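Presented below, as structure tokens, is a lone chain in the form deposited in one PDB entry.
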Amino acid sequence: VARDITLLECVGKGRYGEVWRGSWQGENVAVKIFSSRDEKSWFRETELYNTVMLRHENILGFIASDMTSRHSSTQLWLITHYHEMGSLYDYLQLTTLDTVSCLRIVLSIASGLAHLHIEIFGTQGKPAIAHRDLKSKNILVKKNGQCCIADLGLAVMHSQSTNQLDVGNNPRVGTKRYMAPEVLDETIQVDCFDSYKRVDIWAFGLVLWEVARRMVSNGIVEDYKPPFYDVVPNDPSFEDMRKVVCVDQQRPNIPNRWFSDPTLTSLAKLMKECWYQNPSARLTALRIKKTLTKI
């Protein structure tokens, strides 16, 4: 209930709204107050968390959804577990990673994504879900070293038996920096659920690139950089990414030092298998989880 939560400090702000660190029965919680322009994302997330009952150790822990009316308006709240280490985008800028730390991050993200993509059968079984806005800022680092995926506002679901696709009704567009080439060229088949899984794998390979750069190998480490930092400006436009990803067919550069570390070699091969211009040639989330497990 929103009445029992004490908003203590704002840890994030954007077009989506605000994220607050709050107290609730003597424990820290995360409260997202949605903006009026992003109401459809609150409905979709409430559906995925309350109706679909999405629950996984590598997905942001749902607590409660609520609506509070004040100042002649009604705010839409989402209350989840609070991770004091912040987003993966924040965490990668404060520390370097070793082999275990890197693999724990990338395997946890892969297992959480595979849980979204894999349909659980039986009655009231979880359908296959695509995130469609996967990025380092939508990934949070837990104190055990593992990560969890957040923001289900753009989720899309599908069930194999009925062959029915639920795209929702959200005017929100995904993050342009992480957009797949089929999205930028407007060739993506919006009626096929596999299309939405393949744009997640594409974006997953970009987060994979961000994390691998922070793994120290032979006293060498790369500074943190967002994908395509050296070709697009801040807040890139649609034409900015299309020129890089589609026209020039550019991908993030694999540092040569990665070939001197066996873990980074298998990781560099993994992200390359997520960046195919042909969406059907990209790996599945299950194959990525399997490949990461054998490493």
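We call the rigid core the largest set of C-alpha positions that still match within 1.5 Å between the two forms. Position 1 is the first residue in the sequence shown; the rest follow in order.
- Not even a third of the other compared entries skip residue 95; each one keeps it along with the residues on either side.
- Compared with other deposited structures of the same protein, residue 71 meets the criterion of being unmodelled in at least one third of those that resolve residues on both sides.
- Across the two stretches, 131-139 and 211-219, the PDB entry reports the greater mean Cα temperature factor for 211-219.
- For the segment pair 200-208 and 220-228, the entry gives 220-228 the higher mean B-factor, averaged over Cα atoms.
- For the set 108, 160, 187, 195, the PDB entry puts the maximum C-alpha B factor at 160.
- In the PDB entry, a CA B factor belonging to the lowest third of its chain's modelled residues is recorded for residue 42.
- Ranked by Cα temperature factor within the chain, residue 16 sits in the highest third according to the deposited record.
- Remark: residue 62 belongs to the middle third of its chain, ranked by C-alpha B-factor as recorded.
- Remark: residue 87 belongs to the lowest third of its chain, ranked by C-alpha B-factor as recorded.
- When the modelled residues of the chain are ordered by C-alpha B-factor, residue 258 sits in the middle third.
What comes next is about the form deposited in another entry, which is not displayed.
- Rigid-core fit between this form and the one not shown: of 253, 51, 237, 260, the one residue whose Cα shifts 2 angstroms or more is 51.
- Here residue 269 does not count as shifted, since its C-alpha moves by less than 2 Å between this form and the one not shown after the core is aligned.
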